Each structure stands twice: as structure tokens, then as C-alpha cells.
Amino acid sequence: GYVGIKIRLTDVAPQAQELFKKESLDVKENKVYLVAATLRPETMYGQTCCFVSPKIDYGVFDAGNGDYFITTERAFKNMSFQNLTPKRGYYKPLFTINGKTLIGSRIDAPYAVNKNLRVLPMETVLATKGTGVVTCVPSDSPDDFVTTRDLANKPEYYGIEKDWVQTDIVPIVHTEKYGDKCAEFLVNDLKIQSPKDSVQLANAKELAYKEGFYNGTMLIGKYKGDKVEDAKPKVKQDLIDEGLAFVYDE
């Protein structure tokens, strides 16, 4: 399965404000989270934004105890069958919301060293996979790097502001094969120039996974200096113990 990462919504975009007001959902008084699905919890130190898709209608769900989750309905339904929600098999949202409506919102992401994070559009999110929410780590995810490059090179065109997208990458994982920002290395080496180059991106993804997990060393956090292979379960358990993440299966 995946690790779900609880990314706190701190201020909603203007186009969303009316909607949240109507449903008496105040993001400063209730705990409203975008829940991103990841397989690399050890890289959370390097989140530079959170991605949603313009093509997806998300639900805002009651997750109990004053928490609310923003995910696909598919994902929340699965969560209800493994004790992560207030009632087994119950998955009606309070309301639905299209990804475009959330663009520009402000967020706080667990363990991120960068501050002032925003919600940004990713056109290539697979609707049927995970939660439909993907957190952005350009140092080590080739998809994230390439999408970040396109947004930063033409922000006005994509309907975003340039200050929303961060291009100064702080290194998180050291490898001998690809240096300290393996996604940058691989995107250049394989000459990947578009987010829709799917077959090449999958090749880059797997090369990055292998080298990083088995041969990489942490450059940051409590486990700085440890091998990623040893540090990764510890980071995951730390996040879970602190209420910042959970596991779920599909």
C-alpha cells in the first residue's frame, strides 16, 4: 500500500472561499488536510508544493475527531474498509471540489524545510491511483522535477503566479551514481523535456528509486548520515507516531 501524508490547508484560494464558507468549514478552526499518497516518506524534508489535477473532482470527507480529508472518493471508500474513518462503508463527502478550485491555496507539509508552500496543478496525475493527491519533491522524483520546470518557465500561461513555484532545490539524498539531486541528473541525461513523456519518465523513476533506496545516504533530518535503506522505516514510524501520516492499502 501507500503512506498517506496529511498536508494541512492553512488558507484556501479566493475561488474556493465562498464554497468553504457555505458549508461552515473554517480551515483555521477545523483540521482540513490534502492527503497525498507516497512510497518515499524519507523524502518529505524536500516537499516544495502539493499537486492536484485540474481534471479531478475531489471530495471533502469527515475523517473524524475534527479532521477532514481531501481525496478521490475511491480512496476514501478504501480507507473506510480498514478503520481509518468514522463508519465502515460510509463515504459521502460534505461536498465535492474540482482541483482547479484549490490552485493557489496555502499549505503546511510535514517535515518540509521549505516554507510558504502552495497547491499547484499536475496534468498527469492518474485518477485511479492512490488518492489523486501527489506531494512534490523535485530533488528525487523525475515527474515532480519536470512538472516543476514547466510551471516555472511559463507560470502566467499555466494560470499560476511565479512566486508560488520554488526552483531552488535543497539536497536530501546523496548518491554516488547521480550526485545529490538525482532527478535533475536523470532528466538531463535522458533528455526528458515534457511531463507527457511517460515511458522515459517511468525509466527515470525506477533508476532513481533503486539507486536512492539501496545506495543513498540521508543529507538531512534526524537520520542525516544514515543509509536510506535503514532510515526509511524510522522516518515512516516517526511520522505515524507524531500524527502526520498513516498507512493504507488498496
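Note that residue numbering begins at 1 and tracks the sequence as displayed.
Annotation for 161-169 versus 126-134: the higher mean temperature factor (C-alpha) is found in 161-169. For the pair 83-91 and 173-181, the mean B factor over Cα atoms is greater in 83-91. Looking at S194, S53, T217, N203, the one whose CA carries the top B-factor in the deposited record is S194. Of the candidates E211, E29, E42, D62, it is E29 whose Cα B-factor is highest according to the PDB record.
Among the modelled residues of its chain, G243 has a C-alpha B-factor that falls in the middle third, as given in the PDB entry. Among all modelled residues in its chain, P155 ranks in the highest third by Cα B-factor. The deposited CA B-factor of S139 belongs to the lowest third of values across its chain. The deposited CA B-factor of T38 belongs to the lowest third of values across its chain.
Placement of the Cα temperature factor of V235 within the chain: lowest third of the modelled residues, per the deposited record.
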